[PDB]
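The chain below stands alone, shown as structure tokens; this is the form deposited in one PDB entry.
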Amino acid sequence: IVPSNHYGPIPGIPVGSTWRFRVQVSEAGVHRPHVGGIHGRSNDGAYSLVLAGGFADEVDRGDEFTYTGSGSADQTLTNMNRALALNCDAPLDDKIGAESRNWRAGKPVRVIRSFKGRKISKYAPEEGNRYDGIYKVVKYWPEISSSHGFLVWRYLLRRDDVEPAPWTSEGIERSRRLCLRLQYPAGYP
């Protein structure tokens, strides 16, 4: 095992790994919260997040994607939103946000794409939850959500991983080579 505050990939779990349910992702240590989309500590940083199509105005290009904080009144740069922002290589700013100076110097975030994200993303898996590797927070900023109408904290994530992304030809070949398959819980119908 690794501690709950482990940064980076989980030993033994390659990019392309796929689980049917969120609890499995949790048990694997890849994304500990069963429900929450962000795992972090507000004065440390964020270790992992889940893309499940929760915000209609988010975008995803695979290598880069935008992501939304949590919290229908205005969001604030506190708790998990604060945690994710601390990953950015830049001073914390809870008024206008910030852009990273050297984006790769930011703290790593494990990124999990859920099949539920298929309604806003062409990169979401067809089934279950897929570990897609390490991303970094390029910048973050507050804005009125186009689709929801209140203030949210938004983030730009960029992939920075030696493991090839699952949708690339190379990633696809690797998943096949390693026989990565959708994993159901032990003893499932």
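Shifts are known only where both forms have a C-alpha. Think of the rigid core as the biggest set of C-alphas that the two forms share within 1.5 Å after superposition. When you see a residue number, it is the position in the sequence shown, counting from 1.
The entry shows a gap from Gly71 to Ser72, with 10 or more unmodelled residues of the deposited sequence in between. Higher mean CA temperature factor between 130-138 and 36-44: 36-44, per the PDB entry. With 114-122 and 84-92 compared on mean CA B-factor from the PDB entry, the stretch scoring higher is 114-122. When the C-alpha B-factors of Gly62, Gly29, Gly149, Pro164 are read from the PDB record, the largest value belongs to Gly149. The deposited CA B-factor of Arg181 belongs to the highest third of values across its chain.
One more form of this protein exists, namely the form deposited in another entry; it is left out here, but the text below deals with it.
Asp57 is the only residue from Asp57, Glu64, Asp44, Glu127 whose Cα shifts by 2 Å or more between the shown form and the other one, the rigid core being superposed. Once both forms are fitted on their rigid core, the CA atom of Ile144 lies 2 Å or more apart between the shown form and the other one. Put simply, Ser42 and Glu58 spread apart in that other deposited form: their C-alpha atoms are 3 Å or more farther than in the form shown.
Compared with the form shown here, the Cα atoms of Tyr7 and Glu58 sit 3 Å or more farther apart in that other deposited form. Regions that shift between the shown form and the other one, defined as runs of three or more consecutive residues whose CA atoms all move by 2 angstroms or more after core superposition, comprise 53-58, 72-74, 144-151.
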